[PDB]
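The form deposited in one PDB entry is given below as one chain in structure tokens.
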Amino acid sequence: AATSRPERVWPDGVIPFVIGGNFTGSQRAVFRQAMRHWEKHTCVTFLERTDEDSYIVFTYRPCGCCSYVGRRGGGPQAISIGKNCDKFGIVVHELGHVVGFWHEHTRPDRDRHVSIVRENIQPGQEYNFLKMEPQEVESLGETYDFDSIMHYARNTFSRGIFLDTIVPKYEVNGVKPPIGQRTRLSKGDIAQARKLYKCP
């Protein structure tokens, strides 16, 4: 679910950043590691902000809302992190938003790959399962990626941990594909981000 909007692609793949107050040393170390993980597998690079107009700010905030997707432009933008959502893999996902990705399950073609089980969604959290409009996404010829760091888990916003809100439709390698990994950028994520940023 890469943005279709070229103004949201950070020019030259260089993203200035600031780390705000109220984090521990350890949380700040994880931020740098997550930024470096992006740097290792793509041409995207994070740079400590000096005088740039547009830049990201790591802000202490309760988990959930919101990390701006892609470059806002004309000023600072938030990448929001809190106590329960600050592990390496979560921050990598959040930087996925920064660089221009929405959630994989909101791809316009998602109904060919997953079922949404509405009845299992926590009340008032249904908006998290809305498809993006076709005009807002350009997937760049890349197939729907179950292993994506941007893909929800089977029971994300579920009323109970044993109930699925998202179910993949078909078996891949003879078994239903696992979703919701927060370990690393997937092969699919790397391929897609390289196209988005026109990496060499």
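Sequential numbering from 1, following the sequence displayed. What we label the rigid core is the largest C-alpha set whose atoms superpose within 1.5 Å from one form to the other.
The PDB entry records a higher mean C-alpha B factor for 165 to 173 than for its counterpart among 165 to 173 and 23 to 31.
Of the two stretches examined, 97 to 105 and 74 to 82, the record assigns the greater average C-alpha temperature factor to 74 to 82.
Going by the entry's values, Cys63 shows the largest Cα B-factor out of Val44, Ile56, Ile149, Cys63.
Annotation for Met132: C-alpha temperature factor in the highest third relative to the rest of the modelled chain, per the entry. When the modelled residues of the chain are ordered by their C-alpha B factor, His37 lands in the lowest third.
What comes next is about the form deposited in another entry, which is not displayed.
A displacement of less than 2 angstroms separates the C-alpha positions of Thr106 between the shown form and the other one, with the rigid core held in common. Once the cores line up, the CA of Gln122 ends up 2 angstroms or more apart between the shown form and the other one.
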